[PDB]
**Q** 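Starting off with a structure, shown below.
Residue numbers start from 1 in every chain, and the chains themselves are labelled A, B, ... in the order their sequence lines are given, proteins ahead of strands.
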There are 2 protein chains.
Amino acid sequence: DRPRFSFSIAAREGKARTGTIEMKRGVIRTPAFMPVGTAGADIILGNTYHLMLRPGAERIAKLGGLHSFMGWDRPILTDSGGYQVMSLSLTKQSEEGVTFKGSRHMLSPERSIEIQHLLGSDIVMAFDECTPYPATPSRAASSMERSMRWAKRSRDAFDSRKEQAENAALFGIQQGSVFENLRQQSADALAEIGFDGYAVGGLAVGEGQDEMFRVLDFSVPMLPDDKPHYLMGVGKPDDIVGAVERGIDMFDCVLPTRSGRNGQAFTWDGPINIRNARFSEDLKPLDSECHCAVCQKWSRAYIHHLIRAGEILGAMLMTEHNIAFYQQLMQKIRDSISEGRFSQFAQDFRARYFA
Amino acid sequence: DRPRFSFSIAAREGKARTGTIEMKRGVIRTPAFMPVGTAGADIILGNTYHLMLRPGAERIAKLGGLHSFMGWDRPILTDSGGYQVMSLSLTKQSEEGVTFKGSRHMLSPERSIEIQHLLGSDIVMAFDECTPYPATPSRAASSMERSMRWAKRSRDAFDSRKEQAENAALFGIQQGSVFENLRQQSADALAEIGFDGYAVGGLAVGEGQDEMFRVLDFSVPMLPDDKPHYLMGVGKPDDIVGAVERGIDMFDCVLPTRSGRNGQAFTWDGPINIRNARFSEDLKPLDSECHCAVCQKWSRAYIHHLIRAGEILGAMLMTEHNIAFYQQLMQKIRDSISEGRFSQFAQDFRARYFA
Ligand SMILES: Cc1ccc(CCc2c3nc[nH]c3cc3c(=O)[nH]c(N)nc23)cc1
Ligand SMILES: Cc1ccc(CCc2c3nc[nH]c3cc3c(=O)[nH]c(N)nc23)cc1
Ligand SMILES: [Zn+2]
Ligand SMILES: [Zn+2]
């Protein structure tokens with residue numbers, strides 16, 4: 001029987017590492033990409049913010065939990081909901097939590113953990129504040145300090161629910177904006193509380209890749225080495241490669257699905273916009289090396305035709321290819337680290353992706 | 001090696017029959033449902049009118065023909081294009097053909113057959129005029145007479161193209177609106193020319209089921225018994241069952257795909273609108289007996305959730321289920337005719353579908 005949670009590192013190269021997370025519902029190979037569930041992957045993302053509202057967490061629990069609801073019996077990660085509340089909802093912030101608007105709702109550390117319990121997710125995120133960017137040192141500090149108080153409240157709420165404490169895992173989220181001293185204080189606070197994994201929050205908020213990598217350079221080494229590192233909200237293939245080079249083990253990102261519904265396909269030679277007329281007679285698959293079922297069977301010209309015609313089949317094929325591309329990217333990353341040639345892979349990847 | 005075209009009737013019950021069409025690219029079991037290709041089926045529909053315009057028939061031929069383009073190596077049926085021109089395009093009609101509007105286009109019997117040749121379809125429809133409904137006897141007669149002149153021109157154009165004459169099949173289309181004498185004259189004209197199959201045109205144009213069935217009652221027996229009978233544009237499951245009872249062998253219909261993108265699922269207990277709140281907690285599959293992969297795996301509640309959330313996955317699952325339902329309907333029809341219990345099947349089908 002697999003454990004509740006066990007992270008093992010099988011190989012390293014520089015700051016990069018590759019290994020596995022064992023959980024009751026399955027093994028997660030790292031570095032991992034975690035696609036949205038409503039879009040092969042070892043874990044998918046649930047959408048706490050949406051599910052809170054439709055049908056409601058209680059209702060999901062009445063229907064048997066998210067695994068039964070979605071027909072997915074493997075691990076599920078849920079975010080804590082405040083990021084989405086603050087980006088999508090009127091909002092009122094206080095030390096207790098956030099209220100937002102049919103009727104009004106409060107979201108607190110305790111309520112966030114309970115919602116994630118009712119959904120039945122396997123990896124639960126602490127309830128944090130994603131500090132807006134840019135932020136002054138004072139505002140970034142005040143925000144991070146609140147998030148750390150909230151992290152302790154999240155820990156206690158999780159531990160109070162036996163079914164959750166015994167079968168799920170809890171990740172703490174580091175904040176501190178772009179400031180090294182605050183990132184250190186946040187890492188220290190999270191390690192004192194103790195979590196199963198550690199996320200780097202507060203990035204992919206408009207800072208750009210150079211700045212993101214700069215913050216990762218000093219921030220990831222502050223986290224416990226023997227625990228998984230999750231960079232929230234990232235990203236493009238080139239962001240993933242550089243974040244793995246800096247010690248990240250887990251990724252989520254809307255882009256594969258967003259791109260698949262909006263005409264963009266990822267390839268080893270960079271993204272392409274399949275609606276462009278240059279693809280109307282292109283008999284090659286979306287990508288020349290991709291092993292996915294779309295590229296085994298259909299051409300750029302046909303997918304172009306479907307998308308231009310407004311056919312649902314087109315977006316479905318684009319999305320299948322994109323998620324498959326991301327999983328091939330992660331497999332190549334894992335294999336290259338395990339083989340000690342990840343540094344060469346990253347250089348080769350970049351030379352070709354940007355050519 | 002299969003023949004170019006061979007229709008064999010294996011069993012009959014009343015006017016209903018079941019059998020096979022053999023063509024070079026495959027066997028078609030009848031009665032057959034023929035789904036749109038861009039949406040198991042033995043033949044799919046190409047969209048002549050759309051393909052004429054984007055990318056153009058020449059361009060499709062340059063890309064290797066529709067089979068290669070779509071990745072479908074089995075039979076393809078194409079319509080002749082005038083129905084769609086007259087419903088979707090400014091139009092100018094003459095004895096030569098129809099002109100319509102970027103720039104202008106003409107469609108004639110000769111051009112329609114050439115377009116269908118360039119597309120490479122296996123079953124080619126004659127270029128006809130679908131008479132509007134209602135029509136006076138005089139207008140219905142004038143229109144039908146033009147269609148029969150056009151049917152002869154279609155026959156001659158098809159026969160002039162060796163690759164087409166030797167590898168494809170040509171169907172003539174009966175017109176005559178709702179008038180028995182004109183339907184007879186049209187059938188007589190088509191049989192004198194000689195076709196591989198015979199379609200009943202000019203229905204599913206707003207006449208309603210009672211009137212459609214009334215016209216089928218006298219029209220289908222006018223066609224050669226030993227050739228397939230294709231009712232164009234039909235229809236709902238109950239239309240299909242009644243048309244088979246009246247001697248129809250082949251069906252096309254937008255409904256499965258249109259419905260799948262618009263929240264409607266077909267079930268043995270009738271259509272359901274999955275967006276309705278009554279399905280938000282319904283743990284049953286879309287249909288309790290359906291063998292399709294959607295109903296094996298997911299609930300009404302989950303598909304409702306996806307559609308209400310605007311997720312592409314939802315429409316895809318609805319469409320897969322709907323096309324699968326139609327193929328199960330046709331399999332049950334074929335089996336019940338072969339077993340001599342089709343009359344009982346139709347009564348049982350109706351009692352339940354409308355309960
Ligand atoms: C469905 C879904 C997908 C992804 C996410 C992650 C959302 C996300 C961020 N996205 C971009 N930058 C982000 C930063 C944070 C952050 O600091 N905290 C949290 N809790 N989430 C973040 C949430 C929900
Ligand atoms: C993609 C596609 C699907 C289906 C069709 C069939 C379109 C269709 C009719 N649809 C409803 N009633 C119809 C009558 C006729 C008719 O009399 N003639 C022709 N040529 N087509 C018909 C054409 C193209
Ligand atoms: Zn692919
Ligand atoms: Zn089904």
**Q** If every non-hydrogen atom of A:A39 is compared with every non-hydrogen atom of B:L313, which pair is closest and at what distance?
**A**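 The answer is O-CD2, 3.9 Å.
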
**Q** Might you point out which heavy atoms bring B:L63 and A:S280 nearest each other, and give the distance in Å?
**A**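 The answer is CD1-O, 3.8 Å.
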
**Q** Kindly write out the residues that satisfy side chain to side chain donor-acceptor pair (under 3.5 Å) with A:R111, not counting sequence neighbours, or none if the list is empty.
**A** none

**Q** Can you name the nearest heavy-atom pair linking A:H305 to B:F69, along with the distance?
**A**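 Looking at all heavy atoms of both residues, the shortest contact is CB-CZ, 3.7 Å.
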
**Q** Taking atom CG of A:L66 and atom OH of B:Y302, what is their separation to the nearest 0.5 Å?
**A**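 One finds 8.0 Å between CG of A:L66 and OH of B:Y302.
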
